[PDB]
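Take a look at this single chain in structure tokens; it is the form deposited in one PDB entry.
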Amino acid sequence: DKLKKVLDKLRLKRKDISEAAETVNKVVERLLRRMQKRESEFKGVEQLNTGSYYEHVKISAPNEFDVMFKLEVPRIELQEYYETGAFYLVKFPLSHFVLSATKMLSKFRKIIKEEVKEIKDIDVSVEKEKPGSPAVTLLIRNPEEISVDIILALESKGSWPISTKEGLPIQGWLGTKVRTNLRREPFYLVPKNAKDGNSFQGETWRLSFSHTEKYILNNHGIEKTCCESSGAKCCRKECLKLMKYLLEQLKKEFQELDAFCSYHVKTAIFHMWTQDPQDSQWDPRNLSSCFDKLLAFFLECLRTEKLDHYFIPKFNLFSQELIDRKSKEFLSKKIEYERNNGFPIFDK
């Protein structure tokens, strides 16, 4: 009962979706035209919608959209960045950009910013640049506030880099045919825009499988009929929404949680889904015991500082080098507290 009521509060309304998307769409098509039908260095970018709104796991409001402008770049060679798994140098139209992420992102940002100054019918400005975002973020003021991430991404049709060979362990869940087919799809590089003052940081790209994650969200069952009109609904996404909400509520209260994000929850539940592949283990009637085991799994990830990237298994999202242990135990205690006390944080 309780979790249900939370999910109805989390539900987006058809009317807010209609108005939010029609304005987002207007802006994104225009920015896409400016890239192509003007003789630019990104002539030929294609649009690919990603993220939780397009996975149907967006909660609360339709106020955050994610769009990837992807560009095919042929026979480009990669080189792994100090055995990290996820970050790569790109070596060999793109002349005026080793292919530089910061240089290529900067012009991309310029073009979008020029085009946004010429918007006159929608209240839209470009958010200030951020450290660690490959994105140009647009703040749109409908009556309401909507943010849009325009992600720049290179697209390579070659086979996936060696670090992902162990990745994507869907063989017991979605299957070897699905895996092999997914691995025939392209793979994508986005800017690692870190400002860490470290090393190759300006020339570093990050792998991106947002297109694979989108498929999996939309094809998440062991039975092909999971959540279709002639099958049984499951509660896999409803658990992801509840765990995203718990993290969102926590992050609002405790800035000591600034270094956590929804992709940690996303990653953790890809692992749970592979641990519990049967659709019956995610029966709607077990929603409470399913949330519960997901919190437990997330608490074992915090406690052991181990959250491997579902596609790059040697890339630990919970390594000391990314998040301090105090932050993890901070989060453990809040999680433990909410869990044993029937989630008071949900009731506000």
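Heads up, when I say rigid core I mean the largest set of C-alphas that superpose within 1.5 Å between the two forms. Residue numbers here begin at 1 and follow the sequence given.
Unmodelled residues of the deposited sequence between neighbouring positions residue 173 and residue 174 number none; the chain is continuous. Count the deposited residues lacking coordinates between residue 92 and residue 93 and you get 4 to 9 of them.
Note on 20-28 vs 334-342: mean CA B-factor is higher in 334-342. As recorded in the PDB entry, 154-162 is the stretch of 208-216 and 154-162 with the greater mean C-alpha temperature factor. The entry assigns its greatest Cα B factor, within the set 146, 272, 126, 257, to 257. The entry assigns its greatest Cα B factor, within the set 278, 229, 106, 193, to 193. Split the chain's modelled residues into thirds by C-alpha temperature factor. Residue 134 is in the middle one.
Sorting the modelled residues of the chain by their CA temperature factor places residue 203 in the highest third. For residue 115, the recorded CA temperature factor ranks within the middle third of the chain's modelled residues.
For residue 286, the recorded CA temperature factor ranks within the middle third of the chain's modelled residues. Per the deposited record, the Cα B-factor of residue 238 falls in the lowest third when ranked against the other modelled residues of its chain.
What follows is about the form deposited in another entry, which we do not show.
Among the candidates 165, 183, 233, 195, the CA atom that moves 2 angstroms or more between this form and the one not shown after core superposition belongs to 195 alone. Compared with the form shown here, the Cα atoms of residue 81 and residue 195 move at least 3 Å closer together in the other entry. The distance between the CA atoms of residue 77 and residue 199 is at least 3 Å longer in the other entry than in the form shown here.
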